[PDB]
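Structure record follows, encoded as structure tokens.
Neighbour counts are summed over all protein chains in view; Cβ atoms, including those assigned to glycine, are modelled from backbone coordinates with ideal geometry. Every number here is computed from the coordinates shown, using simple stated rules; none is lab data.
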Amino acid sequence: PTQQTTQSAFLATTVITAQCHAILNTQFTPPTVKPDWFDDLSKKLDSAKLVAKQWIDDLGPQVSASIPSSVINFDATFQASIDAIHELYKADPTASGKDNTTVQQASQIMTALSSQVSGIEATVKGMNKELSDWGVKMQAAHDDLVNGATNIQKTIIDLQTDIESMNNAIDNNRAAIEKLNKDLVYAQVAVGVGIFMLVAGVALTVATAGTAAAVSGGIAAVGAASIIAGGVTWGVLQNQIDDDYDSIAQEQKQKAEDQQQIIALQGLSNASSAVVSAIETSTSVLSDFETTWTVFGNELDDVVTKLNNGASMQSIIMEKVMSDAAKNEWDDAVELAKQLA
Amino acid sequence: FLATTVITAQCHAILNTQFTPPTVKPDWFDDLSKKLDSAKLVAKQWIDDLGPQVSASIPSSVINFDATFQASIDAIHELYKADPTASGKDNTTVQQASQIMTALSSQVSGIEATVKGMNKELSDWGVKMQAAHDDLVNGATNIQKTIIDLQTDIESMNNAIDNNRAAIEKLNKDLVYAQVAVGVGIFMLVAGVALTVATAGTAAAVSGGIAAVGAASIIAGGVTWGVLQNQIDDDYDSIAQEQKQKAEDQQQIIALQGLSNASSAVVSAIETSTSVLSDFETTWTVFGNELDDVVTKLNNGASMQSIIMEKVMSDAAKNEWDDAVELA
Amino acid sequence: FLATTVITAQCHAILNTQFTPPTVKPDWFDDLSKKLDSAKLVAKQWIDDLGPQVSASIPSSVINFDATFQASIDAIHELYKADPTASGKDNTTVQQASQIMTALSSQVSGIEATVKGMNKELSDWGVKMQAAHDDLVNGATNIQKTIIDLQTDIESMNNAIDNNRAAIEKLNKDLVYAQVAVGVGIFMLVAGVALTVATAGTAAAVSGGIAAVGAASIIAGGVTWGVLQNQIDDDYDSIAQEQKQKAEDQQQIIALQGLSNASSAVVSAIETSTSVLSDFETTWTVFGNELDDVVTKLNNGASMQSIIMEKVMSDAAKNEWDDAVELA
Amino acid sequence: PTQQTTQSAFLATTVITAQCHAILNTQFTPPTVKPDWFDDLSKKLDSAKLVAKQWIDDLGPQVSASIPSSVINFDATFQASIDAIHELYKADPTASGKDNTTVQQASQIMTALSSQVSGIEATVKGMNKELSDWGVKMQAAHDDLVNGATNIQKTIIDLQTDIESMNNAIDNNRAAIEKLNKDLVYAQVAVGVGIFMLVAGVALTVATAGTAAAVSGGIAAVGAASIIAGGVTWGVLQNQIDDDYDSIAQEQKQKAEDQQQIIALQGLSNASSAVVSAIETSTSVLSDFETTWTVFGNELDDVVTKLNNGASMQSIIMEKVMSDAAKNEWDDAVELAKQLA
């Protein structure tokens, strides 16, 4: 029927009303350290945001004035034309050739019906034009993401090699912390034998009254040197372990920020590409929906002119249009349009 | 599938939750509260201003279409039935129908204006909800920053506890050497004294040297025993303190994971609220153009304007009727 | 050899292989889990949506050609068997033929548009399949990365075990020297102290040097006996620790070989799926062009369109009658 | 015959789509250090994916619109319109000179078959034109890979010499670790002798106290020197062996990465050369398939102008164009083109 181009023209526009929100909700965080690409990819988001602004409060609501509202507006008069002709059937169902006044009255009322459906297709024309030039603005705010300062071709590869760089740094710092543990055990052994050799040296110096003070002073001096070496090595290695874990924290939150950036950029790119790919089908099927009502207006024009020429009132029942067999289909079409709202 | 109850449920969830701090509150937390309560400004400004307006715009369009519109259609219907052969705009009866037609199409213009103003009243509230979503999801990255920072802190405390346990093992194995030092020192001290007494002091230098390394070994092993035992107590206290810090910051991880789950739930709620506002604006501009239709039903013809406009009036009234009672 | 059964079997093979982490859970196994669950999302998006799409496109092409096409061919076969001579555009019989043919060739338009849109609905899925393939391979090279790393870890622990065994043999040789140092030392100590007590009345420090070198020999031999014995026990504990590391690394390498075989089976299934996908697009373009043939059939003549177009519709529809029962 | 060239041109293009899938399978992994040839042969891969991606989405399936669907659309009429003239033979089986409307209609049905066959070979021209531009773009992507910074003539050779470098460095490092094992044995006997003569020298110094104390302090001094020298030699050699096995890890991972890159570049070269050595046969035999329908177009059009001007109705059966054994071959053609599906 004609209902399945109405539902298809409404569905491909509700897809855009949904996915403009997917573009507009995409808003990534300012990082700790700000990269090079961050500013000149932000404005190309805002241009891709503001035109989606023109789909959330201006054109998104207005595309519902086109597809359900013009069909129910046409059927509001198409529920009135049939009874107005069916009442005048009882007066003169034989009057032909533009003779009786009521036949010419019904003729100019169906001419007003043709002007009403011409206004229907004019409303759909205005809505399709306001869809199309916004589509040029949204596509112009889209294709800059794929031509210059691209999110995919440059920054996805850049943030992937940045995530790999931070993973490499994390691996190097963890192997470094392993080696510093293996050196810290040596520092503790050195300060232990330093304690022992220092007290043994000064004890052999005192306990022999300095008769062997050369070798005992040597033992005490190597003990004090081992104390100092183990102590400052322990302090230095613990400072390097703490600074290595601070570096692990820094590049770990850097890798987290880069993952949060790539998911937002992939969402923005996929939403904008699907918005363009569905705006194409939306404009095409709205063009078919506009020409459907335009050729139906021309068909009603041909019926009006052939009714002005010579057509009998029973020849209108010989026609398909003003009977019950088409208004019964379009009652289901407006029931579908009430399902679509 | 009623898209007003969906926004009712989402704003109920947004007005519902109020997230609690962790044990130590960071620098952004109250600011995250300052990115929540502004949303707690709008979700009541929906349900105490625009929630009342969506429950007060429909009794203006069901009651004034129950009494005024039905009789005002019946009047022009009976004016059709009184003379179905009339013509002309300067007719008496066509004038009597045209005054009521222009009056009804002029008094639906005010309710048209308030419905078209309701579009603007929902528009700015929708963009404000979008902005309050984007500021809250802007603040909700510091939670992941502090979570991954405290995860690094947990890894650092695990490394330090492993280091201190290896130090406990090595200091036990060296404390054995300090005890062996005082043992062999006490033995060779009494060996030097007994060898000096037994040889009547003739083995003076040898047993004096044995006793000298004996005393040096007992006081050196004693000081090394005291220092290594004190160090073992110190890094047992360090193991206890770093295990306590690991449990405490792990508790902070669960607290901030609950906070991040709450903030993710609230921003997903506004994420769905934007699509449900899109569908409600779809239905609302359908109703606004339905009343635009009733205003463009001011069109008056020349001959018998009654059946050419008033059945369209009643049919658009019925299309408003079924949808507004679905919104009731 | 049925191409759709091949791809549904391969997608269910992607669904039933999840892979297990090794003992030390690395820093990339969460990323490999992300690559697998994205490939699972692609395989389940094909199984849950495009799967029933292929199985629901065919009864829509059978049922509409069961009765709706056959009533059309029966009607415009009656119009040719009863009146094969009528011509001219305003003729009533060719008007009936053009009415039922602009009914059929424009009621097939939605079904043709669906079957034509499924070409792009397959193409974006093939793009997502080759997308989920390559990041999975870039994650699965890290398998043999750590496999090579644990292989040289095995080599390092084997070299260190051989080093500790050579050190154990040399220390078990040097213990004999420390023990003969204690023996010769206690012999020279008792000889030197006997030599000093036998020379008490005069002086003999020549006798007092033998006992000094004997006492230093027992002290030095005892200290290195203790140190070399504790180093032997330390080297046995090091052989035990390195053999434990070698056993656990050999245990981890076969888990990594299993994970490598899992990622290899998944990428092999994706490759045969992406080839049989092109073999399915091979016939999907055939059915797309076959429903484009009805667009070629919509061009109607003026003079007895039955003998011009209707058996063409019957022959192409019978080719679709072959194909749609070949797809089930 | 008239079907086996269609099957041969289809066997020519399934080879193209299979080796194009072999091109799309080729994606080599990023190494730890990205060499000189990478950053170009990334995009010289990647662009040689994108034009190859044109075969994957549409154009490969669109050359599968040329052969196996046009035979169906051709015997939509050729299995049809032979039996239309068989009922026209019932009225006038010999009437010539354009006297009847039946002969004038059997003429225009053959002109309709002429326009249908011309539309078939025009669809074949469109699909072979798309194959022509895809084939020259595939040659355009093959040229810069196989000539400018050649993957096989340069980087296969440079990677083989890099593998030889890593092999010689691995054997060098394992010889160094064997030498370091022997030097470790010497350092262990150094510290083992040094502890003995240290404590022997200190016990001799504390016992003797003469010039024997001077030579005993010498013994203890060379003992402490041997302890410190053997100890730092032991520690330095364990440090060197651990760093050297980390070097063995680095070189073995580099050798495995290089073997993976060589296998990927061998697969790329085999796939792209098998594409380019078959795409010219694909265009040549699809041009053969187009000129087969062009020969069929003139071989129908001469029958058409003879049937218009001076043919009988038995003479249509007499010619082999409208014959039935050849039409049995042209039902075998449809069964073959459906077997190719």
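Summary table
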quantity: Near pairs, Cβ below 7 angstrom, 6+ apart or cross-chain, from segment C:301-328 (free of Cβ contacts under 8 Å to residues at least 12 places away in the same chain and basic (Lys, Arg)) to any residue that is crowded, with 16+ Cβ neighbours inside 10 Å and part of a loop (DSSP other than H, G, I, E, B); calculated: C:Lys311/D:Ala80
quantity: Segment A:53-69, residues that are facing another protein chain (nearest Cβ under 8 Å) and assigned to a helix (DSSP H, G or I); calculated: A:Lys53, A:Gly60, A:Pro61, A:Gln62, A:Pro68, A:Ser69
quantity: Enumeration of residues in segment C:14-29 that are within 16 Å of the chain's Cα centre (by Cα) and either crowded, with 16+ Cβ neighbours inside 10 Å or among the hydroxyl-bearing types (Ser, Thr, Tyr) (or both); calculated: C:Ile14, C:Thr17, C:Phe19, C:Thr20, C:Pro22, C:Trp28, C:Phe29
quantity: Residues (of a type outside the set (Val, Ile, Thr), away from chain D (no Cβ under 13 Å) and touching a helix residue (DSSP H, G or I) at 6+ places or on another chain (Cβ under 6 Å)) located in segment C:107-126; calculated: C:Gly110, C:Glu112
quantity: Residue among D:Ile163, D:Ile120, D:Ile170, D:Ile157 that alone is in a helix (DSSP H, G or I), more than 30 Å from C:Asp83 (Cα to Cα) and in contact with a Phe, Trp or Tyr (Cβ under 7 Å, 6 or more places away or on another chain); calculated: D:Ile120
quantity: Boolean, A:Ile219 is crowded, with 20+ Cβ neighbours inside 10 Å, within 60 Å of the chain's Cα centre (by Cα) and either of a type outside the set (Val, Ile, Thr) or in a helix (DSSP H, G or I) (or both); calculated: no
quantity: Failed criterion for A:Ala149 (all others in (1) in a helix (DSSP H, G or I); (2) closer than 30 Å to A:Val33 by Cβ; (3) in contact (Cβ under 8 Å) with a residue 24 or more places away in the chain; (4) away from chain B (no Cβ under 14 Å) hold); calculated: (1)
quantity: Helices (runs of 4 or more DSSP H) contained in segment B:16-129 and holding at least 2 residues touching a residue at least 40 places away in the same chain (Cβ under 8 Å), farther than 25 Å from B:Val325 by Cβ and of a type in the set (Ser, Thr, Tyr); calculated: none
quantity: Verdict on B:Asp83 being charged (D, E, K, R), more than 13 Å from chain A (Cβ to nearest Cβ) and surrounded by fewer than 18 Cβ atoms within 10 Å (Cβ to Cβ); calculated: no
quantity: Subset of segment C:130-168 [among the acidic types (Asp, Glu) and free of Cβ contacts under 8 Å to residues at least 40 places away in the same chain]; calculated: C:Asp134, C:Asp149, C:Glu155, C:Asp162
quantity: Residue list for segment D:247-256, restricted to those being closer than 14 Å to C:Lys145 by Cβ and either more than 8 Å from every other protein chain (Cβ to nearest Cβ) or in contact with a strand residue (DSSP E or B) (Cβ under 6 Å, 6 or more places away or on another chain) (or both); calculated: D:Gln250, D:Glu251, D:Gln254, D:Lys255
quantity: Segment C:174-230 - residue that is within 11 Å of chain D (Cβ to nearest Cβ) and aromatic (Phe, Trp, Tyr) and, of those, nearest to the chain's Cα centre (by Cα); calculated: C:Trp225
quantity: Qualifying residue in segment C:159-181 (condition: among the basic types (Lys, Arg) and in contact with an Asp or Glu (Cβ under 9 Å, 6 or more places away or on another chain)); calculated: yes
quantity: Flag for D:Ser114 being at the interface with another protein chain (Cβ under 9 Å from one of its Cβ atoms), closer than 30 Å to D:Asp331 by Cβ and surrounded by 16 or more Cβ atoms within 10 Å (Cβ to Cβ); calculated: no
quantity: Pick from segment A:176-200, criterion surrounded by fewer than 18 Cβ atoms within 10 Å (Cβ to Cβ) and at the interface with chain B (Cβ under 7 Å from one of its Cβ atoms), ranking: nearest to A:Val222 (Cα to Cα); calculated: A:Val189
quantity: Condition met for A:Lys320 (of a type in the set (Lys, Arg) and not in a helix (DSSP H, G or I)); calculated: yes
quantity: Test for D:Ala18: is it free of Cβ contacts under 8 Å to residues at least 24 places away in the same chain, in contact with a helix residue (DSSP H, G or I) (Cβ under 8 Å, 6 or more places away or on another chain) and more than 19 Å from D:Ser287 (Cβ to Cβ); calculated: yes
quantity: Where A:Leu24 falls short, out of the listed (1) away from chain B (no Cβ under 14 Å); (2) over 18 Å from A:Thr281 (Cα atoms); calculated: (1)
quantity: Test for B:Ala166: is it at the interface with another protein chain (Cβ under 7 Å from one of its Cβ atoms), out of contact with any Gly (no Cβ under 7 Å at 6 or more places or on another chain) and either β-branched (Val, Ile, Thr) or not in a loop (DSSP other than H, G, I, E, B) (or both); calculated: yes
quantity: From the options B:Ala317, B:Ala265, B:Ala324, residue that is more than 8 Å from chain A (Cβ to nearest Cβ), part of a helix (DSSP H, G or I) and in contact with a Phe, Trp or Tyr (Cβ under 6 Å, 6 or more places away or on another chain); calculated: B:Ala317
quantity: Residue list for segment D:19-43, restricted to those being more than 23 Å from D:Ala256 (Cβ to Cβ) and surrounded by fewer than 18 Cβ atoms within 10 Å (Cβ to Cβ); calculated: D:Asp40, D:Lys43
quantity: Hits in segment D:70-104 (condition: in contact (Cβ under 8 Å) with a residue 12 or more places away in the chain, in a helix (DSSP H, G or I) and at the interface with chain C (Cβ under 7 Å from one of its Cβ atoms)); calculated: D:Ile72, D:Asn73, D:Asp75, D:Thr77, D:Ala84
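Every residue, every condition in (1) touching a helix residue (DSSP H, G or I) at 6+ places or on another chain (Cβ under 9 Å); (2) buried (at least 18 other Cβ atoms within 10 Å of the Cβ), yes or no:
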| residue | (1), (2) |
| --- | --- |
| D:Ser272 | yes, yes |
| D:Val275 | yes, yes |
| D:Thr281 | yes, no |
| D:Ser287 | yes, no |
| D:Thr294 | yes, no |
| D:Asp301 | yes, no |
| D:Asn309 | no, no |
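Matching residues to (1) outside any helix (DSSP H, G or I); (2) closer than 30 Å to C:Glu121 by Cα:
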position: C:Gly185; (1), (2): no, no
position: C:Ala194; (1), (2): no, no
position: C:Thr199; (1), (2): yes, no
position: C:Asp237; (1), (2): no, no
position: C:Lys246; (1), (2): no, no
position: C:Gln257; (1), (2): no, no
position: C:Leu277; (1), (2): no, yes
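The rows are residues; the columns are (1) buried (at least 19 other Cβ atoms within 10 Å of the Cβ); (2) closer than 30 Å to A:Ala190 by Cα.
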position	(1), (2)
B:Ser217	yes, yes
B:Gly222	no, yes
B:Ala265	no, no
B:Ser273	yes, no
B:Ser278	yes, no
B:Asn289	yes, no
B:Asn300	no, no
B:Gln305	yes, no
B:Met313	yes, no
